[PDB]
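The form deposited in one PDB entry is given below as one chain in structure tokens.
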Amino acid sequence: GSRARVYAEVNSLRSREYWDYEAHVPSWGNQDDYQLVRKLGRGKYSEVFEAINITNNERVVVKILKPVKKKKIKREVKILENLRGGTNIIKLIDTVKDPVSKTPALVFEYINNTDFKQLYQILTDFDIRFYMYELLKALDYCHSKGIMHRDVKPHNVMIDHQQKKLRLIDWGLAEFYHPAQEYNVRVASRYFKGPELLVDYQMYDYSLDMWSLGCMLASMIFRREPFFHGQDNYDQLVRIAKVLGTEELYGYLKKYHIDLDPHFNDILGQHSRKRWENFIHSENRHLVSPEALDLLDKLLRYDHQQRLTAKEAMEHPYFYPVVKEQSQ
């Protein structure tokens, strides 16, 4: 019976065409205008290349979509359309097809990013505040647009640390939020899955993304990446419970009438809730402050309803130094 505290009805207040992505008819341009220069990587249903638009010499990336996944292609395309111009959202430049095979591809702006494993060990206190604030702008925007990203993780938060640019990428798992809708829990990377996913609670909302963001914040301020390093989905919840506590987990389950898979009985143990200060030591103390811990404590909560919204997080004192610099 759970619903989002913010933007709950926003899709129902829009035209059906906004959210009815199965009815969306993309305009497919011609991929022949793009020259592929380098393969960047591959996902389950996609492959990304650096490319040049031969008509204007612009560097872009091209994400070729395994064509069988028709509904999921329309979903990602419609979501990106709806997010057009959103702050710190990766810009979709065009939707194209190989004109012979008809295989579809998405063309995005190119971001010259610093890979996160290297970047996160050199961030300053101000840097973390700045980049988290910029990521929150993207999440507040997509949530306000009725969309849950559902795959927030370091790889999907591209950061150009020279130009101070951030983009939230890979909307392939994103979905429209509708009150009382039950969603597939097989979303997000293991380390970024909220407890709701790990306990099979399907009536989740935008607040899933705020758990994932909290995991990223913890990894940055404490220099433990990923912060909750489970070996599988069961162990992931155990790792969370060793920090947030087991009695606190059971109170969450009871509130939402959540059934707990009995395999957990043999592995959860009994764990006190830990103080966040327990994670401080000489290597991270310059990144941790009372305001960072207060914010983190309000994000990494079992109860998805009680987590801060992206807006509430942006309003937190931890970001005041960023707001002050962005106005002065």
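Don't overthink the numbering: it's just position in the shown sequence, from 1. In this text, the rigid core denotes the largest set of C-alpha atoms whose superposition between the two forms falls within 1.5 Å.
Quick note: we don't show the form deposited in another entry, though the next part is all about it.
K.L.:
Only one of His229, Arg186, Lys254, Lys102 shifts by 2 Å or more at CA between this form and the one not shown when the core is aligned; which is it?
P.N.:
Only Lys102 moves by 2 Å or more at its C-alpha.
K.L.:
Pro290: with the rigid core matched between this form and the one not shown, does its Cα shift 2 Å or more?
P.N.:
No: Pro290 shifts by under 2 Å between this form and the one not shown.
K.L.:
Once everything's superposed on the core, is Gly269 shifted 2 Å or more at the Cα between this form and the one not shown?
P.N.:
Comparing forms between this form and the one not shown, the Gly269 CA shifts below 2 Å.
K.L.:
Cα of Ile54 displaced 2 Å or more between this form and the one not shown, core superposed?
P.N.:
The answer is no; the displacement is under 2 Å.
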